[PDB]
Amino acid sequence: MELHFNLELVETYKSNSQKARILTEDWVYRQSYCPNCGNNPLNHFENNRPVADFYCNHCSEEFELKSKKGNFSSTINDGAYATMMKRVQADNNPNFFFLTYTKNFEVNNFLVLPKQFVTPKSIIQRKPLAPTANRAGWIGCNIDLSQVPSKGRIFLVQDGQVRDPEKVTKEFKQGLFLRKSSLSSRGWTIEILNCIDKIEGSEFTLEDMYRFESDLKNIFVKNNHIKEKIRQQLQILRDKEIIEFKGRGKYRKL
């Protein structure tokens, strides 16, 4: 990845907001890949499409890009409130890219946030624009990401440095199982991913997994069928291309 914008694109513009739109969307089109499946390039939706900047034409994941000069805040500016409210609840609800760029118009940080982390609760309605305003009565919104987990933020470029796309695809696919709250309970798929990651190396077996039985039992005290559950969860992780089934109780991390 190269980290600088194509400044020529914005010669004819005056608004720094509109310049940011052009420069950041061009950069992502030219330089980013699908953090879910690894497809490059992402495809750009048509202009004005609500909360819909890019799609991956391989896996159908959608992406909303939010960009800013400087540093991230937990509060993010957006578009129309009503259509945000509708898009976060859609079956094809978008994942969210966050991009920071420097005073030299180069990409400082670039991360993805899995889609489950932007919920209707996150979306804060703004006061309508005054009737003095050009867009009088427009109701915009801000997104409150304060509650998002540290681990939900998956960096593609971090403080100047491009990260390995395979580390990112791995982390994103794990991230899609991550729970909206620290207060929400354990969750099987998460706890099993946790065991998998405690196993050294790429290859493992069902017997390796059944060693975590006593540990899983403490967590899920009412589960009297732990082994069956381990097996069911491995099937879930397979269907998501997180592991491969080698046949008869043998697995490999992807």
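All residue numbers are counted from 1 along the displayed sequence.
**Q** State which stretch shows the higher mean Cα B factor in the entry: 131-139 or 84-92.
**A** According to the entry, 131-139 carries the higher average C-alpha B-factor.
**Q** Taking the mean of the C-alpha B-factors per stretch from the entry, tell me the winner out of 196-204 and 51-59.
**A** Here the higher of the two C-alpha B-factor means belongs to 196-204.
**Q** If you check the C-alpha B-factor for each of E64, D26, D215, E46 in the entry, which is highest?
**A** Answer, based on the entry's C-alpha B-factors: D215.
**Q** Just grab whichever of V162, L99, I76, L113 has the top CA B-factor as deposited.
**A** Among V162, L99, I76, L113, the highest C-alpha B-factor in the entry belongs to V162.
**Q** Comparing against every modelled residue in the chain, figure out the third that the C-alpha B-factor of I154 lands in (lowest, middle or highest).
**A** For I154, the deposited C-alpha B-factor lands in the middle third.
**Q** By its CA B factor, does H225 count among the lowest, middle or highest third of the modelled residues in the chain?
**A** It belongs to the highest third of the chain when residues are ordered by C-alpha B-factor.
**Q** In terms of the chain's CA B-factor thirds, is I124 lowest, middle or highest?
**A** According to the entry, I124 has a C-alpha B-factor in the chain's lowest third.
**Q** For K246, does the deposited CA B-factor place it in the lowest, middle or highest third of the chain?
**A** According to the entry, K246 has a C-alpha B-factor in the chain's highest third.
**Q** Report the third (lowest, middle or highest) to which the CA temperature factor of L145 belongs, ranking only the modelled residues of the same chain.
**A** Middle third, going by the recorded CA B-factors of the chain.
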